$ cat my_file39.txt   # compact mmCIF, C-alpha atoms and all ligand atoms
# COMPACT_ATOMS: atom_id res chain seq x y z
CA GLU A 528 113.53 135.23 85.18
CA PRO A 529 111.49 138.40 84.73
CA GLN A 530 112.10 140.18 81.44
CA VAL A 531 112.52 143.94 81.12
CA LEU A 532 111.83 145.22 77.61
CA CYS A 533 112.92 148.80 77.02
CA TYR A 534 111.74 150.91 74.11
CA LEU A 535 114.25 153.34 72.67
CA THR A 536 112.69 156.09 70.57
CA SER A 537 114.75 156.99 67.52
CA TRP A 538 113.70 160.64 67.55
CA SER A 539 115.12 161.24 71.04
CA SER A 540 118.50 161.89 69.41
CA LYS A 541 116.98 165.02 67.95
CA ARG A 542 116.29 166.48 71.34
CA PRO A 543 117.99 169.66 72.32
CA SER A 544 120.62 169.95 74.97
CA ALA A 545 120.52 167.44 77.72
CA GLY A 546 117.39 165.89 76.41
CA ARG A 547 119.29 164.38 73.55
CA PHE A 548 119.53 160.62 73.92
CA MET A 549 121.71 158.23 71.93
CA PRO A 550 122.01 154.43 72.07
CA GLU A 551 125.16 154.63 74.22
CA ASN A 552 123.32 156.55 76.92
CA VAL A 553 121.68 153.17 77.49
CA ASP A 554 122.75 151.30 80.61
CA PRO A 555 123.35 147.88 79.02
CA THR A 556 122.54 146.00 82.25
CA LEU A 557 119.20 147.69 82.90
CA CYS A 558 116.96 146.00 80.39
CA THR A 559 116.93 142.44 79.08
CA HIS A 560 115.77 143.63 75.67
CA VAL A 561 116.12 146.98 73.93
CA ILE A 562 113.51 147.71 71.25
CA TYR A 563 114.27 150.40 68.68
CA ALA A 564 111.28 152.49 67.56
CA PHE A 565 110.37 152.82 64.84
CA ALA A 566 111.08 151.52 61.36
CA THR A 567 108.70 151.99 58.45
CA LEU A 568 107.46 150.26 55.33
CA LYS A 569 108.71 151.37 51.92
CA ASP A 570 106.37 149.60 49.47
CA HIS A 571 105.38 146.88 51.92
CA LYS A 572 109.02 146.16 52.74
CA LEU A 573 110.57 146.78 56.16
CA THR A 574 113.09 149.62 55.90
CA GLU A 575 114.79 152.48 57.70
CA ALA A 576 112.44 155.41 58.28
CA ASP A 577 115.35 157.81 57.77
CA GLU A 578 118.57 157.89 55.81
CA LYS A 579 121.05 157.78 58.71
CA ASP A 580 118.81 155.89 61.06
CA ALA A 581 121.04 153.20 59.59
CA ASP A 582 124.11 154.12 61.66
CA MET A 583 121.81 154.19 64.69
CA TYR A 584 120.62 150.61 64.11
CA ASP A 585 124.33 149.83 64.14
CA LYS A 586 124.82 151.85 67.35
CA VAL A 587 121.87 150.30 69.19
CA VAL A 588 123.18 146.85 68.34
CA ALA A 589 126.70 146.53 69.84
CA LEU A 590 125.18 147.53 73.11
CA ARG A 591 125.59 143.76 72.98
CA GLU A 592 129.34 144.32 72.78
CA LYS A 593 129.19 145.31 76.46
CA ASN A 594 126.39 142.90 77.39
CA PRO A 595 126.34 139.87 75.10
CA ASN A 596 123.14 138.50 76.67
CA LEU A 597 121.34 141.72 75.78
CA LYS A 598 118.75 141.32 73.05
CA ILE A 599 118.16 144.09 70.51
CA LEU A 600 114.90 144.29 68.58
CA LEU A 601 113.56 146.51 65.82
CA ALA A 602 110.03 147.87 66.11
CA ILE A 603 107.71 148.51 63.17
CA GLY A 604 104.63 150.74 63.36
CA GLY A 605 103.50 152.72 66.38
CA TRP A 606 100.83 155.34 66.95
CA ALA A 607 101.63 157.87 64.21
CA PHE A 608 102.13 155.07 61.69
CA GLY A 609 98.45 154.16 61.82
CA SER A 610 96.60 151.09 60.57
CA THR A 611 96.68 151.63 56.79
CA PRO A 612 100.19 150.39 56.04
CA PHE A 613 99.26 147.15 57.84
CA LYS A 614 95.98 146.46 56.06
CA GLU A 615 97.90 146.86 52.81
CA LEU A 616 100.76 144.64 53.96
CA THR A 617 98.29 141.89 54.77
CA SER A 618 95.78 142.37 51.96
CA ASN A 619 97.47 139.72 49.80
CA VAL A 620 99.80 136.78 50.41
CA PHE A 621 102.64 137.46 47.99
CA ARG A 622 102.93 140.92 49.50
CA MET A 623 102.86 139.67 53.10
CA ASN A 624 105.13 136.67 52.58
CA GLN A 625 107.76 138.54 50.57
CA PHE A 626 107.69 141.08 53.42
CA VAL A 627 108.43 138.26 55.85
CA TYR A 628 111.26 136.75 53.80
CA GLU A 629 112.86 140.15 53.17
CA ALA A 630 112.39 141.31 56.77
CA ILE A 631 114.43 138.36 58.02
CA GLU A 632 117.18 139.34 55.59
CA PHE A 633 116.90 142.96 56.75
CA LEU A 634 116.95 141.86 60.38
CA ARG A 635 119.93 139.51 59.89
CA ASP A 636 121.84 142.17 57.90
CA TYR A 637 121.81 144.50 60.91
CA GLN A 638 122.12 141.62 63.38
CA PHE A 639 118.87 142.37 65.21
CA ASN A 640 117.64 139.69 67.61
CA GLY A 641 114.00 140.08 66.62
CA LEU A 642 111.03 142.08 65.41
CA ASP A 643 108.49 143.95 67.51
CA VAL A 644 105.28 144.40 65.52
CA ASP A 645 103.27 147.41 66.69
CA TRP A 646 100.04 147.66 64.74
CA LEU A 647 97.84 150.26 66.45
CA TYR A 648 95.24 149.01 66.08
CA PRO A 649 93.57 146.17 64.22
CA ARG A 650 89.76 146.49 64.34
CA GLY A 651 86.98 144.23 63.08
CA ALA A 652 86.93 140.60 61.99
CA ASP A 653 89.23 140.79 58.96
CA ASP A 654 91.84 142.96 60.67
CA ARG A 655 91.75 140.29 63.38
CA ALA A 656 92.73 137.54 60.95
CA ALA A 657 95.22 139.64 59.01
CA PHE A 658 96.95 140.34 62.31
CA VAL A 659 97.02 136.66 63.25
CA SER A 660 98.11 135.73 59.71
CA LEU A 661 100.98 138.24 59.81
CA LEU A 662 102.17 137.03 63.21
CA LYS A 663 101.87 133.37 62.21
CA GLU A 664 103.81 133.65 58.95
CA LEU A 665 106.56 135.65 60.66
CA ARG A 666 106.86 133.28 63.65
CA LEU A 667 106.79 130.21 61.41
CA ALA A 668 109.32 131.68 58.98
CA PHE A 669 111.50 132.56 61.98
CA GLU A 670 111.30 129.02 63.35
CA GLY A 671 112.03 127.69 59.89
CA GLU A 672 114.93 130.08 59.37
CA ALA A 673 116.62 128.91 62.57
CA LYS A 674 116.80 125.30 61.36
CA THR A 675 117.84 126.09 57.79
CA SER A 676 120.45 128.63 58.92
CA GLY A 677 121.36 127.15 62.30
CA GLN A 678 121.30 130.33 64.38
CA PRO A 679 119.13 131.16 67.38
CA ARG A 680 115.64 132.03 66.15
CA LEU A 681 114.67 135.67 65.66
CA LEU A 682 112.31 136.88 68.39
CA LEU A 683 108.72 137.90 67.70
CA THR A 684 107.12 140.41 70.06
CA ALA A 685 104.16 142.77 69.66
CA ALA A 686 102.75 145.79 71.50
CA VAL A 687 99.05 145.53 72.38
CA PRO A 688 96.39 147.90 73.83
CA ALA A 689 95.12 148.05 77.41
CA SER A 690 91.44 148.74 76.69
CA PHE A 691 89.14 145.73 77.01
CA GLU A 692 87.11 147.23 74.16
CA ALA A 693 90.22 147.31 71.98
CA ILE A 694 91.08 143.72 72.93
CA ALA A 695 87.71 142.36 71.81
CA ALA A 696 87.72 144.38 68.60
CA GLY A 697 91.06 143.37 67.11
CA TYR A 698 92.76 140.61 69.07
CA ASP A 699 92.39 136.86 68.86
CA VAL A 700 94.33 136.48 72.10
CA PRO A 701 94.75 132.68 72.16
CA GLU A 702 96.15 132.78 68.61
CA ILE A 703 98.66 135.65 68.93
CA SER A 704 99.78 134.32 72.31
CA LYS A 705 100.74 131.15 70.46
CA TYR A 706 103.13 132.82 68.02
CA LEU A 707 104.39 135.80 70.02
CA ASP A 708 107.43 135.39 72.24
CA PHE A 709 106.27 138.43 74.18
CA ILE A 710 103.03 140.37 74.60
CA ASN A 711 103.80 143.98 75.46
CA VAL A 712 100.66 145.39 77.07
CA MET A 713 100.61 149.17 76.73
CA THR A 714 99.06 149.79 80.15
CA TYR A 715 99.26 153.57 79.86
CA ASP A 716 97.51 156.44 78.06
CA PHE A 717 94.31 155.54 79.90
CA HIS A 718 93.66 159.26 80.01
CA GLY A 719 95.19 162.23 78.23
CA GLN A 720 94.83 165.38 76.14
CA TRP A 721 92.08 163.94 73.93
CA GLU A 722 89.89 164.24 77.02
CA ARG A 723 88.41 167.40 78.59
CA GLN A 724 88.67 166.13 82.12
CA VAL A 725 91.71 165.56 84.23
CA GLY A 726 92.63 161.88 84.51
CA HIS A 727 95.72 159.79 85.22
CA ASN A 728 97.98 158.24 82.58
CA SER A 729 98.44 154.91 84.33
CA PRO A 730 96.37 154.20 87.47
CA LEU A 731 97.01 150.78 89.03
CA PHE A 732 93.61 150.63 90.73
CA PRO A 733 90.54 152.85 90.26
CA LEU A 734 88.81 155.39 92.50
CA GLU A 735 86.05 153.74 94.55
CA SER A 736 84.09 156.71 93.16
CA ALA A 737 84.51 155.49 89.61
CA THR A 738 81.86 154.29 87.18
CA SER A 739 82.00 150.55 86.48
CA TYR A 740 83.26 151.53 83.04
CA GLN A 741 86.33 153.46 84.23
CA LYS A 742 87.01 150.89 86.94
CA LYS A 743 88.13 148.98 83.82
CA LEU A 744 90.57 151.65 82.62
CA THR A 745 93.28 150.56 85.04
CA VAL A 746 96.56 148.65 84.75
CA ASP A 747 95.10 145.97 87.01
CA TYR A 748 91.86 145.41 85.08
CA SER A 749 93.57 145.54 81.67
CA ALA A 750 96.38 143.09 82.43
CA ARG A 751 93.79 140.77 83.97
CA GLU A 752 91.48 141.13 80.97
CA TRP A 753 94.31 139.83 78.83
CA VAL A 754 94.71 136.82 81.13
CA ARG A 755 90.95 136.32 80.88
CA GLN A 756 91.09 136.25 77.08
CA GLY A 757 93.75 133.54 76.97
CA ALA A 758 97.09 135.29 77.36
CA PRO A 759 99.81 133.20 79.10
CA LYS A 760 101.05 135.12 82.14
CA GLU A 761 104.73 134.45 81.47
CA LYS A 762 104.47 136.11 78.05
CA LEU A 763 102.66 139.13 79.44
CA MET A 764 104.99 142.10 79.74
CA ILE A 765 103.07 144.81 81.57
CA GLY A 766 103.69 148.33 80.31
CA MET A 767 105.38 150.96 82.45
CA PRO A 768 105.46 154.62 81.39
CA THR A 769 108.36 156.96 82.18
CA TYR A 770 106.28 159.90 80.99
CA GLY A 771 103.20 161.56 82.46
CA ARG A 772 100.06 162.90 80.78
CA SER A 773 99.55 166.62 81.27
CA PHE A 774 96.48 168.90 81.15
CA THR A 775 95.68 172.59 81.05
CA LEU A 776 93.12 173.32 83.77
CA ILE A 777 90.01 175.39 83.04
CA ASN A 778 90.12 176.61 86.62
CA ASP A 779 92.99 176.71 89.12
CA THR A 780 90.85 175.88 92.15
CA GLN A 781 89.77 172.62 90.51
CA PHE A 782 92.78 170.30 90.36
CA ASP A 783 91.26 167.00 91.50
CA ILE A 784 90.62 163.93 89.34
CA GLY A 785 87.85 164.71 86.85
CA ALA A 786 88.50 168.45 86.88
CA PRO A 787 87.59 170.33 83.65
CA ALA A 788 90.46 170.71 81.16
CA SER A 789 90.74 172.84 78.02
CA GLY A 790 93.27 170.41 76.59
CA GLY A 791 96.86 169.23 76.85
CA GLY A 792 99.39 171.08 78.99
CA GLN A 793 102.60 172.98 78.26
CA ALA A 794 105.06 170.93 76.23
CA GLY A 795 108.29 170.11 78.00
CA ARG A 796 111.39 171.93 76.90
CA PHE A 797 112.94 168.83 75.43
CA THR A 798 110.10 166.53 74.28
CA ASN A 799 108.19 169.41 72.63
CA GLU A 800 104.75 167.80 72.57
CA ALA A 801 101.92 169.34 74.55
CA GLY A 802 100.07 166.63 76.45
CA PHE A 803 102.96 164.78 78.05
CA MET A 804 106.28 165.29 79.84
CA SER A 805 109.30 163.04 80.35
CA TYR A 806 110.23 162.18 83.93
CA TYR A 807 113.21 164.54 83.98
CA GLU A 808 110.79 167.22 82.79
CA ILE A 809 108.40 166.19 85.58
CA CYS A 810 111.17 166.72 88.10
CA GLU A 811 111.74 170.31 87.09
CA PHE A 812 108.05 170.90 87.25
CA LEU A 813 108.10 169.58 90.79
CA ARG A 814 111.03 171.79 91.79
CA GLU A 815 109.21 174.95 90.74
CA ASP A 816 107.70 177.34 93.26
CA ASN A 817 104.62 175.95 95.06
CA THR A 818 104.03 172.93 92.86
CA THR A 819 101.68 170.64 94.75
CA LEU A 820 102.60 166.96 94.78
CA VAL A 821 99.67 164.68 95.52
CA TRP A 822 99.70 160.93 96.16
CA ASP A 823 96.50 159.14 95.14
CA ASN A 824 96.06 156.35 97.65
CA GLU A 825 93.27 154.61 95.77
CA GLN A 826 94.91 154.77 92.36
CA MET A 827 98.37 154.28 93.90
CA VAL A 828 99.93 156.88 91.60
CA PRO A 829 101.11 160.48 91.97
CA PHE A 830 99.98 163.66 90.26
CA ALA A 831 101.10 167.27 90.59
CA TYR A 832 99.74 170.69 89.76
CA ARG A 833 100.78 174.29 89.69
CA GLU A 834 98.57 177.08 88.46
CA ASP A 835 96.64 175.73 85.49
CA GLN A 836 99.12 173.02 84.70
CA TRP A 837 98.35 169.50 85.94
CA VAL A 838 100.27 166.28 85.30
CA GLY A 839 99.76 162.66 86.35
CA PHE A 840 102.79 160.40 86.17
CA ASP A 841 104.73 157.49 87.61
CA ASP A 842 107.41 157.85 90.27
CA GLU A 843 109.66 155.50 92.22
CA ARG A 844 106.87 154.63 94.65
CA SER A 845 104.08 153.94 92.17
CA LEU A 846 106.34 151.81 89.99
CA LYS A 847 107.45 149.73 92.98
CA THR A 848 103.80 149.36 94.01
CA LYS A 849 103.12 148.06 90.50
CA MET A 850 106.03 145.63 90.77
CA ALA A 851 104.58 144.23 94.00
CA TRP A 852 101.27 143.78 92.18
CA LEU A 853 102.92 142.18 89.16
CA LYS A 854 104.96 139.67 91.15
CA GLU A 855 101.77 138.87 93.05
CA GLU A 856 99.89 138.40 89.78
CA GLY A 857 102.63 136.21 88.33
CA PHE A 858 103.41 138.15 85.16
CA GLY A 859 106.54 137.40 83.16
CA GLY A 860 108.01 140.88 83.36
CA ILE A 861 107.64 144.47 82.22
CA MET A 862 107.79 146.71 79.17
CA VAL A 863 109.12 150.26 79.46
CA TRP A 864 108.15 153.26 77.37
CA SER A 865 110.66 154.59 77.20
CA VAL A 866 114.30 154.27 78.31
CA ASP A 867 115.04 157.78 77.01
CA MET A 868 112.39 159.55 79.09
CA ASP A 869 113.55 158.19 82.40
CA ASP A 870 115.99 160.52 84.14
CA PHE A 871 119.02 158.95 82.49
CA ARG A 872 121.29 161.85 83.46
CA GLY A 873 120.25 161.76 87.12
CA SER A 874 119.20 165.40 87.05
CA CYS A 875 116.18 164.70 89.27
CA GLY A 876 118.48 164.43 92.29
CA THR A 877 118.03 160.71 92.74
CA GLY A 878 120.08 158.00 91.02
CA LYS A 879 120.72 157.72 87.31
CA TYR A 880 117.75 155.98 85.69
CA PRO A 881 115.72 156.26 88.90
CA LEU A 882 112.46 154.84 87.51
CA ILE A 883 113.80 151.73 85.80
CA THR A 884 116.24 151.21 88.67
CA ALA A 885 113.32 151.30 91.10
CA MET A 886 111.43 148.63 89.15
CA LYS A 887 114.57 146.50 88.88
CA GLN A 888 115.17 146.62 92.63
CA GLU A 889 111.62 145.50 93.36
CA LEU A 890 111.80 142.67 90.83
CA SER A 891 115.04 141.24 92.22
CA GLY A 892 114.65 137.64 93.32
CA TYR A 893 111.40 137.18 91.40
CA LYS A 894 111.02 133.95 89.44
CA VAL A 895 107.95 133.52 87.28
CA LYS A 896 106.35 130.09 87.74
CA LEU A 897 103.08 128.37 86.79
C1 LIG B 1 91.55 153.60 77.28
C2 LIG B 1 91.77 153.96 75.84
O1 LIG B 1 91.11 153.45 74.93
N1 LIG B 1 92.72 154.87 75.60
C3 LIG B 1 93.09 155.35 74.27
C4 LIG B 1 94.59 155.64 74.21
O2 LIG B 1 95.29 154.41 74.23
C5 LIG B 1 94.98 156.41 72.95
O3 LIG B 1 96.29 156.94 73.11
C6 LIG B 1 97.33 156.25 72.41
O4 LIG B 1 97.76 155.14 73.11
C7 LIG B 1 98.79 154.39 72.45
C8 LIG B 1 99.00 153.14 73.27
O5 LIG B 1 97.84 152.32 73.29
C9 LIG B 1 100.04 155.25 72.31
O6 LIG B 1 100.97 154.60 71.44
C10 LIG B 1 102.04 153.85 72.09
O7 LIG B 1 102.63 154.48 73.31
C11 LIG B 1 103.70 155.42 73.12
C12 LIG B 1 103.51 156.51 74.16
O8 LIG B 1 102.21 157.07 74.09
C13 LIG B 1 103.69 155.96 71.70
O9 LIG B 1 104.74 156.92 71.62
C14 LIG B 1 104.47 157.96 70.68
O10 LIG B 1 104.92 157.59 69.38
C15 LIG B 1 104.71 158.61 68.39
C16 LIG B 1 105.08 158.00 67.06
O11 LIG B 1 104.18 156.97 66.70
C17 LIG B 1 105.54 159.83 68.75
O12 LIG B 1 105.42 160.81 67.73
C18 LIG B 1 106.66 161.55 67.62
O13 LIG B 1 106.42 162.89 68.06
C19 LIG B 1 107.60 163.69 68.10
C20 LIG B 1 107.21 165.02 68.72
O14 LIG B 1 106.76 164.84 70.06
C21 LIG B 1 108.16 163.83 66.69
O15 LIG B 1 109.35 164.61 66.73
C22 LIG B 1 108.45 162.45 66.11
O16 LIG B 1 108.88 162.56 64.76
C23 LIG B 1 107.21 161.56 66.19
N2 LIG B 1 107.52 160.22 65.73
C24 LIG B 1 106.96 159.65 64.65
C25 LIG B 1 107.41 158.26 64.33
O17 LIG B 1 106.13 160.24 63.97
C26 LIG B 1 105.08 160.33 70.11
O18 LIG B 1 105.86 161.44 70.54
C27 LIG B 1 105.20 159.21 71.15
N3 LIG B 1 104.70 159.65 72.44
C28 LIG B 1 105.45 159.64 73.55
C29 LIG B 1 106.87 159.20 73.37
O19 LIG B 1 105.01 160.00 74.64
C30 LIG B 1 103.96 154.83 70.71
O20 LIG B 1 103.65 155.25 69.39
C31 LIG B 1 103.17 153.57 71.05
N4 LIG B 1 104.05 152.50 71.48
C32 LIG B 1 104.16 151.33 70.84
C33 LIG B 1 103.29 151.18 69.61
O21 LIG B 1 104.91 150.45 71.22
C34 LIG B 1 99.71 156.59 71.66
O22 LIG B 1 100.80 157.49 71.82
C35 LIG B 1 98.47 157.25 72.27
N5 LIG B 1 98.05 158.38 71.46
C36 LIG B 1 98.05 159.64 71.90
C37 LIG B 1 97.57 160.68 70.92
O23 LIG B 1 98.43 159.94 73.03
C38 LIG B 1 94.04 157.59 72.74
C39 LIG B 1 94.28 158.34 71.45
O24 LIG B 1 93.32 159.37 71.25
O25 LIG B 1 92.70 157.11 72.69
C40 LIG B 1 92.28 156.60 73.93
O26 LIG B 1 90.92 156.30 73.85
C1 LIG B 2 86.79 178.93 89.29
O1 LIG B 2 85.90 178.05 89.96
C2 LIG B 2 85.22 178.60 91.09
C3 LIG B 2 84.47 177.45 91.75
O2 LIG B 2 85.39 176.51 92.31
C4 LIG B 2 84.30 179.70 90.58
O3 LIG B 2 83.56 180.25 91.67
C5 LIG B 2 85.16 180.77 89.92
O4 LIG B 2 84.33 181.80 89.41
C6 LIG B 2 86.04 180.18 88.82
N1 LIG B 2 86.99 181.18 88.34
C7 LIG B 2 87.08 181.58 87.06
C8 LIG B 2 86.14 180.91 86.10
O5 LIG B 2 87.89 182.43 86.70
$ encode --input "my_file39.txt" --output "structure tokens"
Amino acid sequence: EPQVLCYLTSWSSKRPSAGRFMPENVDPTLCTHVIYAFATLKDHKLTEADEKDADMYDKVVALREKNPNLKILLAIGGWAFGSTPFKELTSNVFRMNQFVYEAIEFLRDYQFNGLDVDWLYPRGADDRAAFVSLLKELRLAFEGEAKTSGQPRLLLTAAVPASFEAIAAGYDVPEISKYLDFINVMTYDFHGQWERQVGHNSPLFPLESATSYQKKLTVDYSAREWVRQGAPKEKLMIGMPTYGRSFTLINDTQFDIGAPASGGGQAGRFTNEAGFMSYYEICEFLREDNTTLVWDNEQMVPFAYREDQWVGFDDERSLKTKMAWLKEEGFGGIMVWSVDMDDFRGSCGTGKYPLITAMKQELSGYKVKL
């Protein structure tokens, strides 16, 4: 029963032209869960991050109206949110607990199936405990709300980093595994525009060339590191990106892995952030005159370059290769960032939703067992 958790970004509705994505562009039979990103905290209380995000929460739910087994979650936090609103939330108990109690109310008001807690990232010994405390009080209050109210319990999931260094620094893995329904490993952003050398967003395996250090910055090593630190395989949802990480090359003749980069690459027309492109933006890039598509047979992922623009991404083949690895490793399913950056319109010339469809196909008939 492999689970497929799909993140829906709220800000995708603000995209121009075709890029614009709304909750009813979602194929309600694709994913097993849809997670809406993100909400915020208004004085340590879970709330809408924008005034008529509200009607969107209502639109993203009632995807259930056409798939009643579909679970809809609300996400809190994310990258831009930072760590500060979480240290505050968890600095004292009345604050944290009244957040829990009121979040349930909030969640039930909108008829969300659960909460995805995305604190990026706890660091150090007291952040470690605050994170476990937060997860414990929420999970326990959820359990205890189900038997006072008599409804199916609210779900508790959390997104977690890939880096082994990040795991040690902020994550008591046996403890959070205990309270989380689902552990969403963000096995992407291994390399990107913060770096001055070309590297791939999401390599499954490393180059044989690689330093022992970077042999660790792979989907395979990361997911396994989590298993090593206590994580139950059936709760491990391995992250799958539908975007690629792009670079501007210092020199056009140097396009290989490790090639010097001045920084991020040209923003896509619709996502408007230099450093990455959606998959439908990748497709246009591929269609352009003399773009060179390269398959990395060691890393099992593709990248492509034209002139001084270089992008490493996931396609149908690499994602299926990862599904074969995941079934072989016995993981409980996948997490997708994000449903709105897959080619949902089918403009790439393949099917509609070609990336998530590919992963679905390869997961068919897979039962996770122990
Ligand atoms: C090996 C190692 O240590 N590597 C790290 C590397 O991990 C670090 O990169 C960061 O990784 C984390 C995952 O661990 C990324 O956060 C995840 O993944 C999602 C995709 O990257 C991320 O989506 C981003 O969310 C932002 C909001 O928090 C989006 O900002 C939005 O930008 C829009 C313009 O483009 C704007 O209109 C919106 O208003 C704005 N939204 C908000 C709320 O402000 C951003 O666009 C989006 N990126 C996308 C969609 O591609 C999620 O936040 C998060 N998912 C979760 C929590 O479930 C994070 O993105 C990575 N950071 C960067 C800068 O790439 C890296 C950082 O330097 O360090 C390495 O060492
Ligand atoms: C690009 O790199 C080559 C070496 O591969 C070098 O000879 C050339 O001068 C460079 N071109 C520039 C910096 O414009």
$ axis_aligned_box --input "my_file39.txt" --around "ligand LIG 2 (chain B)" --padding-each-side "5 Å" --output "JSON"
{"center_x": 85.7, "center_y": 179.5, "center_z": 89.2, "size_x": 14.3, "size_y": 15.9, "size_z": 16.2}
$ closest_residue --input "my_file39.txt" --among "A:782, A:529, A:870, A:796" --to "ligand LIG 2 (chain B)" --atoms "only C-alpha atoms and all ligand atoms"
A:782
$ closest_residue --input "my_file39.txt" --among "A:666, A:743, A:572, A:650" --to "residue 694 (chain A)" --atoms "only C-alpha atoms"
A:650
$ residues_around --input "my_file39.txt" --residues "residue 771 (chain A)" --least-positions-apart "2" --cutoff "12 Å" --atoms "all atoms listed in the file" --output "ChimeraX atom specification"
/A:715-720,726-730,767-769,773-774,791-792,794-795,798,800-810,812,828-831,837-842,864-865,868-869
$ write_last_selection --input "my_file39.txt" --atoms "C-alpha atoms" --output "tab-separated table (two decimals), in the frame of the given file"
chain	number	residue	atom	x	y	z
A	715	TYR	CA	99.26	153.57	79.86
A	716	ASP	CA	97.51	156.44	78.06
A	717	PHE	CA	94.31	155.54	79.90
A	718	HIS	CA	93.66	159.26	80.01
A	719	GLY	CA	95.19	162.23	78.23
A	720	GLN	CA	94.83	165.38	76.14
A	726	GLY	CA	92.63	161.88	84.51
A	727	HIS	CA	95.72	159.79	85.22
A	728	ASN	CA	97.98	158.24	82.58
A	729	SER	CA	98.44	154.91	84.33
A	730	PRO	CA	96.37	154.20	87.47
A	767	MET	CA	105.38	150.96	82.45
A	768	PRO	CA	105.46	154.62	81.39
A	769	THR	CA	108.36	156.96	82.18
A	773	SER	CA	99.55	166.62	81.27
A	774	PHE	CA	96.48	168.90	81.15
A	791	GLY	CA	96.86	169.23	76.85
A	792	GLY	CA	99.39	171.08	78.99
A	794	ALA	CA	105.06	170.93	76.23
A	795	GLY	CA	108.29	170.11	78.00
A	798	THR	CA	110.10	166.53	74.28
A	800	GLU	CA	104.75	167.80	72.57
A	801	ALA	CA	101.92	169.34	74.55
A	802	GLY	CA	100.07	166.63	76.45
A	803	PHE	CA	102.96	164.78	78.05
A	804	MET	CA	106.28	165.29	79.84
A	805	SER	CA	109.30	163.04	80.35
A	806	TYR	CA	110.23	162.18	83.93
A	807	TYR	CA	113.21	164.54	83.98
A	808	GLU	CA	110.79	167.22	82.79
A	809	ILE	CA	108.40	166.19	85.58
A	810	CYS	CA	111.17	166.72	88.10
A	812	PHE	CA	108.05	170.90	87.25
A	828	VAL	CA	99.93	156.88	91.60
A	829	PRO	CA	101.11	160.48	91.97
A	830	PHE	CA	99.98	163.66	90.26
A	831	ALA	CA	101.10	167.27	90.59
A	837	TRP	CA	98.35	169.50	85.94
A	838	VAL	CA	100.27	166.28	85.30
A	839	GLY	CA	99.76	162.66	86.35
A	840	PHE	CA	102.79	160.40	86.17
A	841	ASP	CA	104.73	157.49	87.61
A	842	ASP	CA	107.41	157.85	90.27
A	864	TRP	CA	108.15	153.26	77.37
A	865	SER	CA	110.66	154.59	77.20
A	868	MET	CA	112.39	159.55	79.09
A	869	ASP	CA	113.55	158.19	82.40
$ atom_distance --input "my_file39.txt" --atom1 "CA of residue 563 (chain A)" --atom2 "CA of residue 534 (chain A)"
6.0 Å
$ atom_distance --input "my_file39.txt" --atom1 "atom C22 of ligand LIG 1 (chain B)" --atom2 "CA of residue 566 (chain A)"
12.2 Å
$ build_atoms --input "my_file39.txt" --residues "region 726-733 of chain A" --atoms "N, CA, C and O atoms" --output "PDB file, in the coordinates of the input"
ATOM      1  N   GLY A 726      92.576 163.300  84.194  1.00  0.00           N
ATOM      2  CA  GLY A 726      92.630 161.880  84.510  1.00  0.00           C
ATOM      3  C   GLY A 726      94.067 161.392  84.463  1.00  0.00           C
ATOM      4  O   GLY A 726      94.923 162.042  83.863  1.00  0.00           O
ATOM      5  N   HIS A 727      94.339 160.250  85.087  1.00  0.00           N
ATOM      6  CA  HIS A 727      95.720 159.790  85.220  1.00  0.00           C
ATOM      7  C   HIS A 727      96.135 158.848  84.093  1.00  0.00           C
ATOM      8  O   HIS A 727      95.374 157.986  83.655  1.00  0.00           O
ATOM      9  N   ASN A 728      97.378 159.034  83.648  1.00  0.00           N
ATOM     10  CA  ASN A 728      97.980 158.240  82.580  1.00  0.00           C
ATOM     11  C   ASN A 728      97.907 156.736  82.818  1.00  0.00           C
ATOM     12  O   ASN A 728      97.604 155.967  81.904  1.00  0.00           O
ATOM     13  N   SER A 729      98.187 156.321  84.049  1.00  0.00           N
ATOM     14  CA  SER A 729      98.440 154.910  84.330  1.00  0.00           C
ATOM     15  C   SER A 729      98.069 154.488  85.757  1.00  0.00           C
ATOM     16  O   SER A 729      98.935 154.054  86.522  1.00  0.00           O
ATOM     17  N   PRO A 730      96.774 154.579  86.111  1.00  0.00           N
ATOM     18  CA  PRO A 730      96.370 154.200  87.470  1.00  0.00           C
ATOM     19  C   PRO A 730      96.366 152.686  87.664  1.00  0.00           C
ATOM     20  O   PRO A 730      95.835 151.963  86.825  1.00  0.00           O
ATOM     21  N   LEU A 731      96.962 152.213  88.752  1.00  0.00           N
ATOM     22  CA  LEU A 731      97.010 150.780  89.030  1.00  0.00           C
ATOM     23  C   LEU A 731      95.632 150.262  89.399  1.00  0.00           C
ATOM     24  O   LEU A 731      95.177 149.257  88.863  1.00  0.00           O
ATOM     25  N   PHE A 732      94.971 150.959  90.319  1.00  0.00           N
ATOM     26  CA  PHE A 732      93.610 150.630  90.730  1.00  0.00           C
ATOM     27  C   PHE A 732      92.716 151.859  90.542  1.00  0.00           C
ATOM     28  O   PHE A 732      93.220 152.971  90.429  1.00  0.00           O
ATOM     29  N   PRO A 733      91.386 151.672  90.489  1.00  0.00           N
ATOM     30  CA  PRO A 733      90.540 152.850  90.260  1.00  0.00           C
ATOM     31  C   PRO A 733      90.072 153.538  91.539  1.00  0.00           C
ATOM     32  O   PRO A 733      90.238 152.998  92.629  1.00  0.00           O
TER      33      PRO A 733
END
